[PDB]
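Coordinates from protein28.pdb are shown below (PDB, C-alpha atoms).
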```pdb
ATOM      1  CA  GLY A   1     -41.215  94.757 147.595  1.00  0.00           C
ATOM      2  CA  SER A   2     -37.960  93.357 148.961  1.00  0.00           C
ATOM      3  CA  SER A   3     -38.784  91.962 152.402  1.00  0.00           C
ATOM      4  CA  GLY A   4     -41.592  89.997 150.782  1.00  0.00           C
ATOM      5  CA  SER A   5     -41.431  87.510 147.918  1.00  0.00           C
ATOM      6  CA  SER A   6     -44.811  87.341 146.181  1.00  0.00           C
ATOM      7  CA  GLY A   7     -44.723  91.012 145.235  1.00  0.00           C
ATOM      8  CA  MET A   8     -47.579  93.195 144.016  1.00  0.00           C
ATOM      9  CA  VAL A   9     -51.114  92.163 144.972  1.00  0.00           C
ATOM     10  CA  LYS A  10     -54.151  92.428 142.698  1.00  0.00           C
ATOM     11  CA  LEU A  11     -57.408  93.825 144.079  1.00  0.00           C
ATOM     12  CA  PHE A  12     -61.004  93.262 142.969  1.00  0.00           C
ATOM     13  CA  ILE A  13     -63.450  96.174 143.030  1.00  0.00           C
ATOM     14  CA  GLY A  14     -67.103  95.805 142.087  1.00  0.00           C
ATOM     15  CA  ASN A  15     -70.215  97.979 142.175  1.00  0.00           C
ATOM     16  CA  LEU A  16     -68.370 100.889 140.563  1.00  0.00           C
ATOM     17  CA  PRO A  17     -70.279 104.025 139.481  1.00  0.00           C
ATOM     18  CA  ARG A  18     -70.045 105.982 136.228  1.00  0.00           C
ATOM     19  CA  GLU A  19     -68.133 108.971 137.600  1.00  0.00           C
ATOM     20  CA  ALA A  20     -65.423 106.644 138.906  1.00  0.00           C
ATOM     21  CA  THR A  21     -62.129 107.112 137.063  1.00  0.00           C
ATOM     22  CA  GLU A  22     -59.007 104.952 136.850  1.00  0.00           C
ATOM     23  CA  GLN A  23     -57.388 107.778 138.815  1.00  0.00           C
ATOM     24  CA  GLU A  24     -59.929 108.315 141.594  1.00  0.00           C
ATOM     25  CA  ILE A  25     -59.561 104.599 142.314  1.00  0.00           C
ATOM     26  CA  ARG A  26     -55.770 104.482 142.038  1.00  0.00           C
ATOM     27  CA  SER A  27     -55.304 107.438 144.388  1.00  0.00           C
ATOM     28  CA  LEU A  28     -57.650 105.939 146.980  1.00  0.00           C
ATOM     29  CA  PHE A  29     -55.080 103.141 147.175  1.00  0.00           C
ATOM     30  CA  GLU A  30     -52.080 105.470 146.952  1.00  0.00           C
ATOM     31  CA  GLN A  31     -53.080 106.492 150.477  1.00  0.00           C
ATOM     32  CA  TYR A  32     -52.236 103.051 151.861  1.00  0.00           C
ATOM     33  CA  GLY A  33     -49.547 102.164 149.340  1.00  0.00           C
ATOM     34  CA  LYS A  34     -48.305 103.079 145.871  1.00  0.00           C
ATOM     35  CA  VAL A  35     -50.303 101.653 142.966  1.00  0.00           C
ATOM     36  CA  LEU A  36     -48.916  99.855 139.915  1.00  0.00           C
ATOM     37  CA  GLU A  37     -51.849  99.103 137.612  1.00  0.00           C
ATOM     38  CA  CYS A  38     -55.452 100.319 137.524  1.00  0.00           C
ATOM     39  CA  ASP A  39     -58.254  99.349 135.142  1.00  0.00           C
ATOM     40  CA  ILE A  40     -62.042  99.674 135.030  1.00  0.00           C
ATOM     41  CA  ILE A  41     -64.199  97.315 132.970  1.00  0.00           C
ATOM     42  CA  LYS A  42     -67.470  95.396 133.259  1.00  0.00           C
ATOM     43  CA  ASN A  43     -68.598  97.598 136.149  1.00  0.00           C
ATOM     44  CA  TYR A  44     -65.448  96.309 137.847  1.00  0.00           C
ATOM     45  CA  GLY A  45     -61.972  97.637 138.574  1.00  0.00           C
ATOM     46  CA  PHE A  46     -58.602  96.041 139.288  1.00  0.00           C
ATOM     47  CA  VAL A  47     -55.982  97.684 141.503  1.00  0.00           C
ATOM     48  CA  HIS A  48     -52.449  96.416 142.113  1.00  0.00           C
ATOM     49  CA  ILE A  49     -50.650  97.556 145.263  1.00  0.00           C
ATOM     50  CA  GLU A  50     -46.930  97.459 146.050  1.00  0.00           C
ATOM     51  CA  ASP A  51     -46.749  95.171 149.083  1.00  0.00           C
ATOM     52  CA  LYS A  52     -49.344  92.742 150.439  1.00  0.00           C
ATOM     53  CA  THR A  53     -49.696  94.169 153.948  1.00  0.00           C
ATOM     54  CA  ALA A  54     -50.507  97.440 152.187  1.00  0.00           C
ATOM     55  CA  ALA A  55     -53.374  95.837 150.270  1.00  0.00           C
ATOM     56  CA  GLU A  56     -55.241  94.810 153.421  1.00  0.00           C
ATOM     57  CA  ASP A  57     -55.021  98.298 154.923  1.00  0.00           C
ATOM     58  CA  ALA A  58     -56.447  99.834 151.749  1.00  0.00           C
ATOM     59  CA  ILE A  59     -59.154  97.225 151.179  1.00  0.00           C
ATOM     60  CA  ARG A  60     -60.330  97.389 154.791  1.00  0.00           C
ATOM     61  CA  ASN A  61     -61.048 101.125 154.691  1.00  0.00           C
ATOM     62  CA  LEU A  62     -61.791 101.484 150.977  1.00  0.00           C
ATOM     63  CA  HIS A  63     -64.412  98.826 151.715  1.00  0.00           C
ATOM     64  CA  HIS A  64     -67.856 100.439 151.598  1.00  0.00           C
ATOM     65  CA  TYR A  65     -66.240 103.783 150.773  1.00  0.00           C
ATOM     66  CA  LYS A  66     -69.070 106.210 150.022  1.00  0.00           C
ATOM     67  CA  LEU A  67     -68.020 107.271 146.523  1.00  0.00           C
ATOM     68  CA  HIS A  68     -70.387 109.505 144.554  1.00  0.00           C
ATOM     69  CA  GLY A  69     -73.264 108.293 146.706  1.00  0.00           C
ATOM     70  CA  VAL A  70     -72.362 104.639 146.203  1.00  0.00           C
ATOM     71  CA  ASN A  71     -71.040 101.810 148.375  1.00  0.00           C
ATOM     72  CA  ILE A  72     -68.254 100.288 146.281  1.00  0.00           C
ATOM     73  CA  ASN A  73     -67.285  96.730 147.213  1.00  0.00           C
ATOM     74  CA  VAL A  74     -63.672  95.698 147.809  1.00  0.00           C
ATOM     75  CA  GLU A  75     -62.231  92.189 148.079  1.00  0.00           C
ATOM     76  CA  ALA A  76     -58.691  90.806 148.243  1.00  0.00           C
ATOM     77  CA  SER A  77     -58.542  89.070 144.863  1.00  0.00           C
ATOM     78  CA  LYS A  78     -55.367  87.171 145.747  1.00  0.00           C
ATOM     79  CA  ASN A  79     -56.190  85.494 149.061  1.00  0.00           C
ATOM     80  CA  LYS A  80     -53.399  84.558 151.471  1.00  0.00           C
ATOM     81  CA  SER A  81     -51.972  81.035 151.633  1.00  0.00           C
ATOM     82  CA  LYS A  82     -50.839  78.985 154.630  1.00  0.00           C
ATOM     83  CA  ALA A  83     -48.415  76.064 154.381  1.00  0.00           C
ATOM     84  CA  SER A  84     -50.038  72.973 155.893  1.00  0.00           C
ATOM     85  CA  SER A  85     -47.617  70.173 155.023  1.00  0.00           C
ATOM     86  CA  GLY A  86     -44.380  70.445 156.980  1.00  0.00           C
ATOM     87  CA  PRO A  87     -43.601  72.826 159.862  1.00  0.00           C
ATOM     88  CA  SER A  88     -41.870  75.118 157.367  1.00  0.00           C
ATOM     89  CA  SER A  89     -38.829  75.139 159.652  1.00  0.00           C
ATOM     90  CA  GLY A  90     -36.520  76.270 156.866  1.00  0.00           C
TER      91      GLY A  90
END
```
Is it possible to give me this structure as structure tokens?
Amino acid sequence: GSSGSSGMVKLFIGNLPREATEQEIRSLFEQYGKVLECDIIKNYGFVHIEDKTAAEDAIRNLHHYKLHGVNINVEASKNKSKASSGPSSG
């Protein structure tokens, strides 16, 4: 992304079934933002979205998304960060 700075945002997905495919997962995210990378290992899957704001949208819904009779779990791997020291004026 341009407006932002951090860039892509990794996503953690656990409780994945056997029918689940790198694609099925990727697409699910492509609905709330284009995907960059997608892997599935150790009953877990990692999804990287374009912008951050897009990640939240996806995660939210995707969360508890009845997939193949299963309730996959979604969590924002890279949590947000707030600057404490200094008023961050500029």
Given the file shown, determine the residues that the PyMOL selection byres ((chain A and resi 72-74) around 12) selects; report them as a VMD selection string.
chain A and resid 10 to 18 20 25 28 to 29 43 to 47 55 to 71 75 to 77
List the neighbours of residue A:54 out to 10 Å using all atoms listed in the file; skip same-chain residues closer than 6 positions along the sequence, and give me the result as a ChimeraX atom specification.
/A:8-9,29-34
Considering all atoms listed in the file, return as a ChimeraX atom specification whatever protein or nucleic-acid residues lie within 7 Å of residue A:36, sequence-local ones (same chain, fewer than 6 positions apart) excluded.
/A:48-50
Residues from last step as file, C-alpha atoms, as a tab-separated table (two decimals), in the frame of the given file:
```tsv
chain	number	residue	atom	x	y	z
A	48	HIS	CA	-52.45	96.42	142.11
A	49	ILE	CA	-50.65	97.56	145.26
A	50	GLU	CA	-46.93	97.46	146.05
```
Counting only C-alpha atoms, the option among A:38, A:86, A:23, A:79 closest to residue A:53
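Closest to residue A:53 of all the choices is A:79.
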Considering all atoms listed in the file, state which residue in the set A:7, A:35, A:21, A:2 is at the smallest distance from residue A:78.
A:7
Would you compute the distance between atom CA of residue A:83 and atom CA of residue A:37? Give it in Å to one decimal.
28.7 Å
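Between atom CA of residue A:51 and atom CA of residue A:6 lies a distance of 8.6 Å.
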What separation in Å, quoted to one decimal, exists between atom CA of residue A:3 and atom CA of residue A:80?
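These atoms are spaced 16.4 Å apart.
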Enclose stretch 55-70 of chain A, meaning all of its atoms listed in the file, in a box aligned along x, y and z, pad it by 5 Å on each side, and list the centre and edge lengths in Å to one decimal, as lines of an AutoDock Vina configuration file.
```
center_x = -63.3
center_y = 102.2
center_z = 149.7
size_x = 29.9
size_y = 24.7
size_z = 20.4
```
